[PDB]
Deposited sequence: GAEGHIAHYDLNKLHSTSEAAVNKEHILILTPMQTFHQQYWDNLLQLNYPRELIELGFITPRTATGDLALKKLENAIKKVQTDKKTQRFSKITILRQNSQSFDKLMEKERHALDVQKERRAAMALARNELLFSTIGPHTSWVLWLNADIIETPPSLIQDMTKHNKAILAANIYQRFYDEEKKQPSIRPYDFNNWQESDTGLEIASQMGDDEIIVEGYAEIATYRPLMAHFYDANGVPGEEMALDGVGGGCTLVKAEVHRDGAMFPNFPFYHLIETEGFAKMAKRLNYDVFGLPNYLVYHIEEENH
């Protein structure tokens, strides 16, 4: 029956693990990748503080993912009891450039359905971790909460083989982490109320400084940069930002949708959005 919580005593701080701050890791999943799963299992944030939430599309592809995901969860949750995740929720979804717009709008609904259903009165942090992020440091959560920001996006790169240099290498991958520019605002001012700007919209091109390219091999991993747009690859959100209402709009919101409109929404709710240009995590390879 009865559950009592003072939300003002629920903190999100730099020292999340020591303070026993609960985190909810949310992953929309069209394809199950074992390395994503193994990378998750290698996170060293205490398991008793972690809840997991997944949402799969209602398609042949989603159902194959669901099967593999269910099997992986069964193995972990029936191993030693001290190492179980506190809770795991699996949901199936309720629901050019023009293709991208439609796809992003559909994703916005999936993310909301998952977020609303799973966030609770004890959650301090929500980590948005896409199912194709296959490599992070094992201290990902501690590393990111340390910054104590309302919203914090890691920079998403991708490994590949460099044919010229005959050696493994890395390249930028996620261009949804960006700062707004005057050029970006002007172009948006001139647009109709339901026109959406998404990545690859010709005239803005890369005129909104993309975080991916601020990666500095000579810099340090704690570097922070102010952002205006984020993706959902590996993006850490204080629970209070979502509880105040910031969500993933399926409709045009200042000409933005989904994860980018989310950032704009958190700013309207008086939160600041940041990114880590020199803290890289990795999206699955083209060759994988």
query: Regions left out of the model, expressed as runs of the deposited sequence counted from 1; finding: 1 to 4, 100 to 111, 305
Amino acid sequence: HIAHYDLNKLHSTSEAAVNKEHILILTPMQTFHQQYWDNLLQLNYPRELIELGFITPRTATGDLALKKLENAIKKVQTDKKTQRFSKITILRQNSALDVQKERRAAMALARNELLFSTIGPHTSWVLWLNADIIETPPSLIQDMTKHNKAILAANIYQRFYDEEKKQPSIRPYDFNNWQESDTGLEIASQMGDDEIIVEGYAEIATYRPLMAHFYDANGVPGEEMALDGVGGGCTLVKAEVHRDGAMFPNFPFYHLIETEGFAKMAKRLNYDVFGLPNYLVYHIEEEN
From here on, numbers count along this sequence of modelled residues.
item: Stretch with the greater mean C-alpha B-factor as recorded in the entry, comparing 253 to 261 against 235 to 243; value: 253 to 261
item: 195 to 203 versus 120 to 128 - which carries the larger mean C-alpha B factor in the record; value: 195 to 203
item: Deposited CA B-factor, highest of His213, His147, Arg103, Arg171; value: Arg103
item: Per the PDB entry, maximal CA B factor within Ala108, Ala96, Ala154, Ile90; value: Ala96
item: Chain third (lowest, middle, highest) by recorded CA B-factor, residue given as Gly219; value: highest
item: Relative C-alpha B-factor of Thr59, binned into the chain's lowest, middle or highest third; value: highest
item: Relative C-alpha B-factor of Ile141, binned into the chain's lowest, middle or highest third; value: lowest
item: Record-listed C-alpha B factor of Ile134: chain third; value: middle
item: Ranked against its chain, the third holding the CA B-factor of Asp228; value: middle
